[PDB]
Amino acid sequence: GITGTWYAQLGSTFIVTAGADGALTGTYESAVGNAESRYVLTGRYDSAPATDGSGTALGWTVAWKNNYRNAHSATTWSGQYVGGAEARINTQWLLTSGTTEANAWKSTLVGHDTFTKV
Amino acid sequence: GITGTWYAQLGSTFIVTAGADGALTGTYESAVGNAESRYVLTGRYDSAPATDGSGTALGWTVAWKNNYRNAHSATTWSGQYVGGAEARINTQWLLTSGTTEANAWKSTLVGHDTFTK
Amino acid sequence: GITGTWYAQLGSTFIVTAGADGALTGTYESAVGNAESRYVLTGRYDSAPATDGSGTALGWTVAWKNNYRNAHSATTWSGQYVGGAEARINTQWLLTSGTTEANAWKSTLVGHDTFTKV
Amino acid sequence: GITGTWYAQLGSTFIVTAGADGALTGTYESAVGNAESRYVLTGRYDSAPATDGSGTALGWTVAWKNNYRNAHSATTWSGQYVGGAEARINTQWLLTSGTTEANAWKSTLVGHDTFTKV
Ligand SMILES: O=C(O)CCCC[C@@H]1SC[C@@H]2NC(=O)N[C@@H]21
Ligand SMILES: O=C(O)CCCC[C@@H]1SC[C@@H]2NC(=O)N[C@@H]21
Ligand SMILES: O=C(O)CCCC[C@@H]1SC[C@@H]2NC(=O)N[C@@H]21
Ligand SMILES: O=C(O)CCCC[C@@H]1SC[C@@H]2NC(=O)N[C@@H]21
C-alpha cells in the first residue's frame, strides 16, 4: 500500500514505488525551501512487516540537486507506514546541508512530515 | 571519494558505491542491535557539491531485513562527506521501528555516526 | 500568553508559569512511558519576542525522577509558542535514557509534541 | 560529578550547578551562532542514577536572549553524564527559532555536543 502519490502537510508531493525486493523509488517535490520541480528519491522498507498491528518501517533520501537547481543538501525521512481507512506515512526527517567544518554545528535541520494520499 | 569501505566508531562497516547519477548503493553490517551479516543500502548524495570548502551532503537508508533475520525497522543516515587525509562521513541518524500507533511516540531512536576509511 | 495549562496530543499535561525574566517553571504529567504522576520542569523562553508575527522560542527539561518512580531518563522539548485563534506550543523533543557505554548508540528517542490550551 | 566547568567540542563553555533537588543552574556561552557572552541556562538531571555503570540522564535549556542581544531562539541539550575515566557529558540538542507558521518547517536545528572538563 506504500506505492502511490502522497502529500505532506507542507503540501509537498511524494511519488513512490515499493519493489518486492524491499526497495523504494520515486520523486519528491517540495512545497518549500531551496527547491524546484522534482528530485529523485531512493530508500528501503520492510517487505515483511510484523502482523501484530505494527506499522511498516521505511526510509528514503533526497539529495536536493536536479536539472534546475542544487541546494547542496540532502533530506532523509525515517518513519513507518500505517495502514487502515486513511493510510498515512508518519516520519521524522534530517535535512543536512553541506557546510564548512566551522559551520557543521548548524548543518542539520530536523522536523516531521505526515503524508496522506489526499 | 565516497566509494569504498567505511568504518563507524561503533564498529559497524558500511560498503558503498557512489554512482555518477547521485546514487549510493551497497551493504551495511551492524556491530550492534538486532542485526546479522550484511544488509542492503540505498541512498543519495550531492554529485556536484559547492567549492567554498563545504562537505558533500548525502543520506542513505537500511531496512534491517536480510537472509538471516528481520528486525522490523529501518535506519536513515543523513549527513555529509568531508574529504582529506582523514576523510570522514559525519552523520546523524534516525532509526524507526514499526510500532502500534499507541507506541508510535517511542518509535524512533536518534543518534550520530562518524565514519572513517 | 504562555502561562497556564497546556495539553499534548499524546494526552500529556504541561503546566507552566512564564516569568517576566524568561524563566519557565511548572510540572509535566506524561500519558506514556515509565512515568507516574507529575514531574518538575524547568526551562527558558524568549521574553522579548519579535513583533513580525514570529512565534516565541522556548524550551524545557524534565528528568523522569519524582517521589514515586525513577526512569533514569530525561526529556527536553524545544519549540515555539504561537498566539492567536488557538494558541499553541509546537515542539520537538529528545529523550535520553541512562545507558552503559556499549549501549549508548540506543540511548535517545526523538519525537514531536504539539500543545494546545484545549 | 556534574557540577563544574564543562567545554563542548565546539569551544562553548557550560558552567553548571547541580542542586540536591535535581536542578541544573548556570550560564552557557556559545563559541558559535547568534550569541555573545553569557546566557542563563536551567535544566534537570537524575539525582538517583542507576549503579550498574549506566550513565546519568540530564538536560537543560538556553533562550538566546541576554542584555546584549536577542536571537529569538532556544536550545535544549538532552544527554547523559558518564563518570570515571575522562568523565564527560554526551548530548544531542534541539535549537528552535521563533518563526512564522509558513517557515516553521525550518525552525529547528539538531546536533550533538560532547562535553568534557578539559
Ligand atoms: O531548502 C533545501 O535545502 C532543499 C528543500 C528541502 C525542503 C524540506 S525537506 C523536509 C521538508 N519536507 C518537505 O516536503 N519539504 C521540506
Ligand atoms: O536493531 C535493529 O533494529 C537493527 C540494527 C540497528 C543498528 C544501528 S543503526 C544506527 C547505529 N549505527 C550502526 O552502525 N549500528 C546502529
Ligand atoms: O519512559 C521514560 O523514561 C519517561 C518518558 C516520559 C514520556 C515521554 S517524554 C516525550 C513524550 N511526550 C510526552 O508527553 N510523553 C512522552
Ligand atoms: O544562533 C542562535 O540562535 C543562538 C546561538 C546558538 C549556538 C548553538 S546551541 C547548539 C550548539 N552548541 C553550542 O555550544 N553552540 C551551538
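- Its PDB header attributes the entry to X-ray crystallography and lists the resolution as 1.89 Å.

## Concerning the interface of chain A and chain B
Link 1 in the chain: Facing 46 residues of chain A, the contacting portion of chain B comprises 43 residues.
Link 2 in the chain: Roughly 3100 Å² is buried in total at the junction of chain A and chain B, and carbon and sulfur atoms are behind 58% of that figure.
Link 3 in the chain: Along the contact surface separating chain A from chain B lie zero salt bridges.
Link 4 in the chain: Elements with a contribution of two residues or more to the side of chain A that touches chain B: strand 4 (39-45), strand 5 (56-65), strand 6 (70-82) and strand 7 (88-97) of chain A.
Link 5 in the chain: A total of 10 residues in the side of chain A that touches chain B trace back to one element, the largest contributor, which is strand 6 of chain A.
Link 6 in the chain: Residues belonging to the side of chain A that touches chain B are distributed by class as follows: 18 nonpolar, 24 polar and four charged.

## Section: the interface of chain C and chain D
Link 1 in the chain: Contacts between the two partners involve 43 residues from chain C, matched on the other side by 45 residues from chain D.
Link 2 in the chain: Both sides of the chain C and chain D interface together cover about 3100 Å² of buried area, and 57% of this is carbon and sulfur.
Link 3 in the chain: One can count one salt bridge joining chain C with chain D.
Link 4 in the chain: Across the pair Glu101 of chain D and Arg88 of chain C runs a salt bridge, and its minimum N-O distance is 2.8 Å.
Link 5 in the chain: Counting every contact that joins chain C to chain D gives 25 residue pairs in polar contact.

## Re the site of ligand 4
Link 1 in the chain: Taken together, 17 residues are adjacent to ligand 4, and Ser12, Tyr28, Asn34, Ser73 and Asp113 of chain D come closest.
Link 2 in the chain: Residues close to ligand 4 are split across chains A and D.
Link 3 in the chain: In the environment of ligand 4, an oxygen atom lies 2.8 Å from a nitrogen or oxygen atom belonging to the backbone of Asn34 of chain D.
Link 4 in the chain: Within the side chain of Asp113 of chain D, a nitrogen or oxygen atom sits 2.8 Å from a nitrogen atom of ligand 4.
Link 5 in the chain: In isolation ligand 4 offers 420 Å² of accessible surface; the protein chains occlude 96% of this area.

## So, the relation of the copies chain C and chain D
Link 1 in the chain: Placing chain C over chain D gives an RMSD of 0.4 Å and needs a rotation angle of 180 degrees, together with 0.0 Å of translation along the axis. The relationship between the two copies is best expressed as a two-fold rotation axis.
Link 2 in the chain: Both copies share a contact surface, since 98% of the interface residues of chain C are interface residues in chain D too.

## Some points on the pairing of strand 1 (residues 4-8) of chain B
Residue and element names in this part refer to chain B.
Link 1 in the chain: Where strand 1 lies against strand 2 (residues 13-18), four bridges are found, and the strand directions are antiparallel. Note that in strand 2 the partner of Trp6 across the bridge is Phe14.
Link 2 in the chain: The antiparallel hairpin formed by strand 1 and strand 2 contains four residues in its connecting segment, where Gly11 sits at a positive phi of about 115 degrees.
Link 3 in the chain: Relative to strand 8 (residues 108-116), strand 1 runs antiparallel, the two sharing two bridges. Counted as the bridge partner of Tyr7 is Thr116 from strand 8.

## Looking at the UniProt feature "binding site: biotin" in chain A
Link 1 in the chain: The feature "binding site: biotin", as annotated in UniProt, sits at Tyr28, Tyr39, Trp77, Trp93 and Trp105 of chain A in this numbering. For this annotated set, covering 78 residues, the C-alpha atoms extend up to 26.5 Å from each other, a dispersed arrangement in space.
Link 2 in the chain: Topologically, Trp93 of chain A is positioned in strand 7.
Link 3 in the chain: With residues up to four places along the chain from it excluded, the contact list for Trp93 of chain A reads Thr75, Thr76, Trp77, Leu109, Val110, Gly111, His112 and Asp113 of chain A, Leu94 of chain B together with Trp105 of chain D.
Link 4 in the chain: Mapped onto the elements, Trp105 of chain A comes out in the loop between strand 7 and strand 8 (108-111).
Link 5 in the chain: With residues up to four places along the chain from it excluded, the contact list for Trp105 of chain A reads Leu10, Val32, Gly33, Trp93, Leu95 and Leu109 of chain D.

## Focus on the packing of aromatic side chains
Residues and elements named next belong to chain B.
Link 1 in the chain: Counted according to the given criterion, the structure contains 43 aromatic pairs over all chains.
Link 2 in the chain: Look at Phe14 and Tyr28: their rings are 6.0 Å apart centre to centre, the planes differ by 45 degrees, and that puts the pair in the tilted class. Here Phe14 is found in strand 2, whereas its partner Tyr28 is found in strand 3 (residues 23-29), with 14 residues between them in sequence.
Link 3 in the chain: With relative accessibility at 0%, the residue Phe14 sits in the buried group.

Criteria and thresholds
- Sequence-order numbering is used: residues on each chain count from 1 as written, possibly diverging from the entry numbering, and only residues with coordinates are shown.
- Just so you know, chain letters begin at A and ligand numbers begin at 1, following the order they were written in.
- Note: side-chain values were computed over all heavy atoms of the structure, leaving out hydrogens and water.
- The contact definition used throughout considers only heavy atoms, calling two residues in contact when any of these lie within 4.5 Å.
- What gets called buried area is simply the loss in accessible area from a 1.4 Å probe that two parts show on being joined, summed for both.
- Note on definitions: salt bridges are taken to be side-chain nitrogens of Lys or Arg within 4 Å of carboxyl oxygens of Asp or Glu.
- Note on conventions: DSSP H or I runs of at least 4 residues are helices, E runs of at least 2 residues are strands, and numbering of each starts at the N terminus.
- Three residue categories are used. Nonpolar comprises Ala, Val, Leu, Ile, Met, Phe, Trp, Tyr, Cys and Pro, charged comprises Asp, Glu, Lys and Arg, and polar comprises the others, including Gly.
- What qualifies as a polar contact is a pair of N or O atoms within 3.5 Å, subject to a donor-acceptor requirement within protein and to the restriction that residues adjacent in sequence count only when both atoms come from side chains.
- Proximity is defined per residue: any heavy atom of the residue falling within 4 Å of a molecule or strand makes that residue near it.
- Under the convention used here, a 1.4 Å probe and the Shrake-Rupley method define accessible areas, while residue burial counts only the protein chains that appear.
- The copies are each rotated and translated onto one another by least squares, with the C-alpha atoms as the fitted set.
- The criterion for strand pairing is that DSSP finds at least two bridges linking the strands in question.
- UniProt positions are given in the numbering used here, feature names are shortened, and annotations may be inferred rather than shown by experiment.
- Each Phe, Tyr or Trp ring (for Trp, its six-membered ring) is paired with any other whose centre lies within 6.5 Å, and the angle between the two planes then decides the class: stacked below 30 degrees, edge-to-face above 60, tilted in between.
- Exposure classes here rest on a 1.4 Å probe applied to the protein chains alone. A residue is buried below 20% of its type maximum, exposed above 50%, and partly exposed in between.

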